[PDB]
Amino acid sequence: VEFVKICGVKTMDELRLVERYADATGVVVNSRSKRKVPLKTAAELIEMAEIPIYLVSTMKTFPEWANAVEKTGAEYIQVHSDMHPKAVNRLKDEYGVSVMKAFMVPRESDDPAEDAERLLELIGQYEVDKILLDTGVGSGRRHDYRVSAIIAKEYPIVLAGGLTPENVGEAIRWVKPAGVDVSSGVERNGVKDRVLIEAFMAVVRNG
């Protein structure tokens, strides 16, 4: 019925773990991230993966992406930058990658419906396999949930940012997204952790 991604694996151990639970995972490259790995290391993880594994990056220009895809043999990419729809399509046509495009939830301003219309317009510029909404922190988070809830009615989105076993349940029947993306919420000491993932999954696994 749904889609769970566990993002930001850095080792084979972490990867084989998430594959027991998640519908997809991700390896971060060329980004500002505690989870960044070098391209070669990403390549090795991508080679052994049994589920979809996204090449996750904030890379902004096509050659950067083209080169990363070439070195990793990624079949999936998560585009976590405002890269032009045409550049995305180029990567799709020239490399056969499937794309999840990440969108920051805009907070400014000030009614959730207005940011949602600004985001819907932005989303509709893209021709991509999946849409990921990256929610933020602070009290502005409930605003992000409402924005995301509007969006999730027009597209089967993947809800992301700040999800934990303790808050994902609320997140889900608030936004009712098609999927959820989790990274640090299932890490014990920066390592993908089984009991946390199971606890996270236990909340998801109800429909």
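Residue positions are given as counts along the sequence shown, with the first one as 1.
- Per the PDB record, of the two stretches 41-49 and 170-178, 170-178 carries the greater mean B-factor over its C-alpha atoms.
- Two stretches are in play, 135-143 and 53-61, and the higher mean C-alpha B-factor belongs to 135-143.
- Residue set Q78, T72, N89, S109: peak C-alpha B-factor at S109 (per PDB entry).
- Of the residues listed, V97, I123, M100, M83, the entry assigns the biggest Cα temperature factor to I123.
- Per-chain ranking of the deposited C-alpha B factor places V18 in the middle third.
- Per the deposited record, the Cα B-factor of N189 falls in the highest third when ranked against the other modelled residues of its chain.
- Per-chain ranking of the deposited C-alpha B factor places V4 in the middle third.
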